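**Q** Sharing a structure here in structure tokens format.
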Amino acid sequence: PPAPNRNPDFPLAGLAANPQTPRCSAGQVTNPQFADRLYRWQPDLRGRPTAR
Amino acid sequence: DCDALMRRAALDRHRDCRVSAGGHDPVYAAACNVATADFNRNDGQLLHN
Amino acid sequence: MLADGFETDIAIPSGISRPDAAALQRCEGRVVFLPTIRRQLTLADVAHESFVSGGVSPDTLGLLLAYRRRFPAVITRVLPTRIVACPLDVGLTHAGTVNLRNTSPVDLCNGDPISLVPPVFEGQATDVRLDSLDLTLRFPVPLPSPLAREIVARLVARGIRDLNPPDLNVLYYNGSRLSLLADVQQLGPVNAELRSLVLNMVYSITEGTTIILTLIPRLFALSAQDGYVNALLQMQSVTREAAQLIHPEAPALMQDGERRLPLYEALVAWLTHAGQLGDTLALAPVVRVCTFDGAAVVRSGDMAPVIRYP
């Protein structure tokens, strides 16, 4: 397994409501000047019993 | 004034805006007396009177 | 397939009002659901009365599961005593060709696979009635296979709105504007459709998928540069607005990453569940079109040559 209680939920439904959440344009992304301004999300999957 | 620069600095970061006064970034000041008066002063301490 | 093929016979009851006899002769090429591959059946077995479920009249979305439990067959020739039809799952004829009349609003092109849909659209709802035998006949509409996958996707997404106390009615194909008639959907078969979704939804997520999720910032940067990448997002996808907020990054390092290929394993599991799901909701596209005297367009209301699709 991964470390317990690591995984967060999705703020995608949450952050889409507030306009005051910081966004990125197509010229912003892949720059580290805005990679820290956006939300950081790290999924883990090493404990998944998946269909295979 | 600084009002041309003050209305401008609220623009976005993802569209660049570079203003260099005398090759230096603008620094702002409220007022100037006879005592300070900084006539041959270098890098851009600007005033807003 | 046999050397002669296999031809079922649907016998007609003797009590016939003569206008209903001429109504059957207009059913020259239609699609008929058989419950079995028994050689001799009745019109009561074919018709909508036996085609109901126990005590409950099925809706349009619930009628799809009733189709895949049965056997689609095509009427060849109407005789005065019986109706001769050929099944589709069984090898169809001695020759390999059947005529199919289009009871469809949309014309057909060569090579396109045909799936079949219940009577759904407005205006063209046409059901043949045999009033001497008090029977009703609801015949399915043959359509091209990407269209049938749209209509199932429009109906299933409509039922998910009903579990949540606009709009989704309008389709487009060949520039034609057309909507569809539906009022209610039973809560039973929607759960059978939805459980068939989410099990196949989950089974695509493997360890390589999170590595693919790190390429979401790459596509939204690449859609700036090429209009072909702009042909993906369409402003209605989640991933355009998902890339504007979430900056994901990769997990590291994977367990036993030397021996295995995580990106390869995520794709093959994706191809067997999510890319399979166009078959899992509706029935299979058993039939495509091969005109012999080459007609690029088979017009609405005409027959067409018919050859199986693997």
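Chains as they are written, first to last, in the authors' numbering: chain 5, 363 to 414; chain S, 738 to 786; chain 7, 1 to 165, 174 to 318.
Beta carbons are placed, not taken as given, at the ideal position from N, Cα and C, and that holds for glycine.
Less than 7 Å between CB atoms is the rule here; does residue 406 (chain 5) satisfy it with respect to chain B?
**A** This model lacks chain B altogether; the protein chains it does include are 5, S and 7.
**Q** What is the rounded straight-line gap between the Cα of residue 248 (chain 7) and the Cα of residue 228 (chain 7)?
**A** Within the third sequence, numbered from 1, the residue matching residue 248 (chain 7) stands at position 240. Within the third sequence, numbered from 1, the residue matching residue 228 (chain 7) stands at position 220. Taking the straight line joining both Cα atoms gives about 7 Å.
**Q** Indicate whether at least one CB of chain 5 lies closer than 7 Å to the CB of residue 218 (chain 7).
**A** If you number the third sequence from 1, residue 218 (chain 7) lands on position 210. By this cut-off, residue 218 (chain 7) is an interface position.
**Q** Excluding the 5 residues preceding and the 5 following residue 63 (chain 7) in the sequence, name in chain order all residues of the same chain whose CB lies nearer than 8 Å to its CB.
**A** By one-based count along the third sequence, residue 63 (chain 7) stands at place 63. Closer than 8 Å at the Cβ level, and outside the excluded window around residue 63 (chain 7), lie 118.
**Q** So, residue 15 (chain 7) versus residue 132 (chain 7), is the Cβ gap smaller than 7 Å?
**A** Within the third sequence, the letter at position 15 stands for residue 15 (chain 7). Within the third sequence, the letter at position 132 stands for residue 132 (chain 7). A contact, by the Cβ cut-off of 7 Å.
**Q** Chain 5 partners of residue 253 (chain 7), CB-CB under 9 Å?
**A** To locate residue 253 (chain 7), count along the third sequence from 1; it is residue 245. Result: 373, 374, 377, 378, 383, 384, 385, 386, 400, 401.
**Q** For a minimum of 4 consecutive residues, which ranges assigned as the alpha helix (DSSP H) are wholly contained in the segment 269 to 314 of chain 7?
**A** Listed in chain order, they are 270 to 281, 285 to 288.
**Q** How about the segment 111 to 126 of chain 7 and the segment 40 to 57 of chain 7: do they share at least three Cβ pairs that are nearer than 8 Å?
**A** Output reads no: the segment 40 to 57 of chain 7 does not touch the segment 111 to 126 of chain 7.
**Q** Do the segment 228 to 244 of chain 7 and the segment 201 to 210 of chain 7 meet, that is, are 3 or more Cβ pairs less than 8 Å apart?
**A** No, the segment 228 to 244 of chain 7 is not in contact with the segment 201 to 210 of chain 7.
**Q** Could you give the DSSP three-state label for residue 238 (chain 7): helix, strand or coil?
**A** As a working mapping, residue 238 (chain 7) is identified with position 230 in the third sequence. If DSSP states are grouped into helix, strand and coil, residue 238 (chain 7) belongs with the helices.
**Q** Among the candidates 241 (chain 7), 71 (chain 7), 267 (chain 7), whose CA atom is the shortest distance from the CA of residue 31 (chain 7)?
**A** Reading the third sequence from its first residue, position 31 is the one you call residue 31 (chain 7). Per the Cα distances, 71 (chain 7).
**Q** Rounded to a whole number of angstroms, what is the C-alpha to C-alpha distance between residue 160 (chain 7) and residue 192 (chain 7)?
**A** Position 160 of the third sequence, counted from the start, is the residue given in the question as residue 160 (chain 7). Position 184 of the third sequence, counted from the start, is the residue given in the question as residue 192 (chain 7). When rounded, the distance between both Cα atoms is 12 Å.
**Q** Taking residue 769 (chain S) as the reference, give the member of 750 (chain S), 752 (chain S), 785 (chain S), 742 (chain S) with the closest Cα.
**A** Walking along the second sequence from the start, residue 769 (chain S) turns up at place 32. Ranking 750 (chain S), 752 (chain S), 785 (chain S), 742 (chain S) by Cα distance to residue 769 (chain S) puts 785 (chain S) first.
**Q** What residues of chain 5 sit near residue 281 (chain 7), judged by a beta carbon separation below 9 Å?
**A** Reading the third sequence from its first residue, position 273 is the one you call residue 281 (chain 7). 413, listed in chain order.
**Q** Restricting to Cα atoms, I'd like to know which of 781 (chain S), 739 (chain S), 752 (chain S), 743 (chain S) is closest to residue 763 (chain S).
**A** Taking the first residue of the second sequence as 1, we reach residue 763 (chain S) at position 26. Taking only the C-alpha atoms, the option nearest residue 763 (chain S) is 781 (chain S).
**Q** Looking at the structure shown, is residue 124 (chain 7) part of a helix, part of a strand, or coil, going by DSSP?
**A** On the third sequence, residue 124 (chain 7) is found 124 positions in, with the first residue counted as 1. Coil, per DSSP.
**Q** Quick one: which chain 5 residues come within Cβ less than 7 Å of residue 751 (chain S)?
**A** The residue labelled residue 751 (chain S) in the question sits at position 14 within the second sequence. Ordered by position in chain 5, the residues that pass the 7 Å Cβ test against residue 751 (chain S) are 387, 389, 390.
**Q** For residue 365 (chain 5), go through chain 7 and note every residue whose CB falls closer than 8 Å to its CB, in chain order.
**A** As a first step, residue 365 (chain 5) is located in the first sequence; it is residue number 3 there, counting from the start. By Cβ distance, chain 7 contributes nothing, its closest Cβ being about 12 Å from residue 365 (chain 5), past 8 Å.
**Q** Just verifying my parser: in three-state terms, what is the DSSP assignment at residue 35 (chain 7)?
**A** One-based indexing of the third sequence puts residue 35 (chain 7) at position 35. Three-state result, residue 35 (chain 7): coil.
**Q** Using the three-state DSSP reduction, which class does residue 395 (chain 5) fall into: helix, strand or coil?
**A** In the first sequence, the residue the question calls residue 395 (chain 5) occupies position 33. Note: residue 395 (chain 5) maps to helix in three-state DSSP.
**Q** Would you please verify whether the beta carbon of residue 290 (chain 7) is less than 7 Å from any beta carbon of chain 5?
**A** Residue numbering aside, residue 290 (chain 7) sits at position 282 when the third sequence is read from its first letter. With 7 Å as the cut-off, residue 290 (chain 7) does not count as an interface residue toward chain 5.
**Q** Which residues in chain 5 have a C-beta closer than 8 Å to the C-beta of residue 213 (chain 7)? List them in chain order.
**A** Within the third sequence, numbered from 1, the residue matching residue 213 (chain 7) stands at position 205. Within 8 Å Cβ-Cβ: 407, 410, 412.
**Q** Closest by CA to residue 59 (chain 7), which one among 140 (chain 7), 68 (chain 7), 194 (chain 7), 116 (chain 7)?
**A** The residue labelled residue 59 (chain 7) in the question sits at position 59 within the third sequence. Among 140 (chain 7), 68 (chain 7), 194 (chain 7), 116 (chain 7), the Cα nearest to that of residue 59 (chain 7) belongs to 194 (chain 7).
**Q** Exposed or buried, residue 255 (chain 7), counting other C-beta atoms within 10 Å across all chains shown (16 or more means buried)?
**A** Within the third sequence, numbered from 1, the residue matching residue 255 (chain 7) stands at position 247. Counting Cβ neighbours within 10 Å, residue 255 (chain 7) comes out buried, since at least 16 surround it.
**Q** Give a yes or no on whether 7 Å exceeds the smallest Cβ distance from residue 22 (chain 7) to chain 5.
**A** As a position in the third sequence, residue 22 (chain 7) is number 22, starting the count at 1. Taking Cβ atoms only, chain 5 never reaches closer than 7 Å to residue 22 (chain 7), which makes this a no.
**Q** Is there at least one Cβ from chain 5 nearer than 7 Å to residue 166 (chain 7)'s Cβ?
**A** No atoms of residue 166 (chain 7) appear, because in chain 7 residue 165 is followed directly by 174.
**Q** Give me the Cβ distance between residue 78 (chain 7) and residue 28 (chain 7), rounded to the nearest whole Å; I'm assuming they're in contact under 8 Å.
**A** The residue given as residue 78 (chain 7) occupies position 78 in the third sequence. The residue given as residue 28 (chain 7) occupies position 28 in the third sequence. The pair is a contact, with the Cβ atoms about 6 Å apart (cut-off 8 Å).
**Q** Can you list the residues of chain 5 that residue 200 (chain 7) reaches, using a CB-CB cut of under 9 Å?
**A** The sequence position of residue 200 (chain 7) within the third sequence is 192, counting from 1. Here the premise fails: no neighbours, minimum Cβ distance about 20 Å.
**Q** Go through its chain and collect everything with a Cβ distance to residue 317 (chain 7)'s Cβ below 7 Å, but skip five positions before and after it.
**A** Numbered from 1 along the third sequence, position 309 holds the residue referred to as residue 317 (chain 7). Hits under 7 Å: 113, 293, 294, 295, 296.
**Q** Check whether the segment 255 to 266 of chain 7 and the segment 745 to 759 of chain S touch, using three or more Cβ-Cβ pairs below 8 Å as the test.
**A** Contact between the segment 255 to 266 of chain 7 and the segment 745 to 759 of chain S is absent, because fewer than three Cβ pairs lie under 8 Å.
**Q** Reducing DSSP to helix, strand and coil, say where residue 363 (chain 5) ends up.
**A** Locating residue 363 (chain 5) in the first sequence gives position 1, counting from the first residue. Coil.
**Q** Say whether chain 5 places a C-beta atom closer than 7 Å to the C-beta of residue 71 (chain 7).
**A** As a first step, residue 71 (chain 7) must be located in the third sequence, where it is residue number 71. Chain 5, which has no Cβ nearer than 7 Å to the Cβ of residue 71 (chain 7), makes this no.
**Q** Looking only at its chain, what residues have a beta carbon closer than 7 Å to the beta carbon of residue 281 (chain 7), apart from the 5 residues adjacent to it on each side?
**A** The residue you call residue 281 (chain 7) lines up with position 273 of the third sequence. Cβ neighbours of residue 281 (chain 7) beyond the five flanking positions: 208, 211, 212.
**Q** Within 10 angstroms of the Cβ of residue 182 (chain 7), are there 16 or more other Cβ atoms? Answer buried if so, exposed if not.
**A** The residue you call residue 182 (chain 7) lines up with position 174 of the third sequence. Residue 182 (chain 7) should be labelled exposed.
**Q** CB-CB under 8 Å to residue 754 (chain S), same chain, minus the five flanking residues each way: which ones, in chain order?
**A** For this step, residue 754 (chain S) is matched to residue 17 along the second sequence. If we look at residue 754 (chain S) and ignore the five residues flanking it on each side, its Cβ neighbours are 745, 746, 748.
**Q** Is the Cβ-Cβ distance between residue 174 (chain 7) and residue 104 (chain 7) less than 7 Å?
**A** For the purposes of this step, residue 174 (chain 7) is identified with residue 166 of the third sequence, where counting begins at 1. For the purposes of this step, residue 104 (chain 7) is identified with residue 104 of the third sequence, where counting begins at 1. Not in contact: residue 174 (chain 7) and residue 104 (chain 7) (Cβ atoms no closer than 7 Å).
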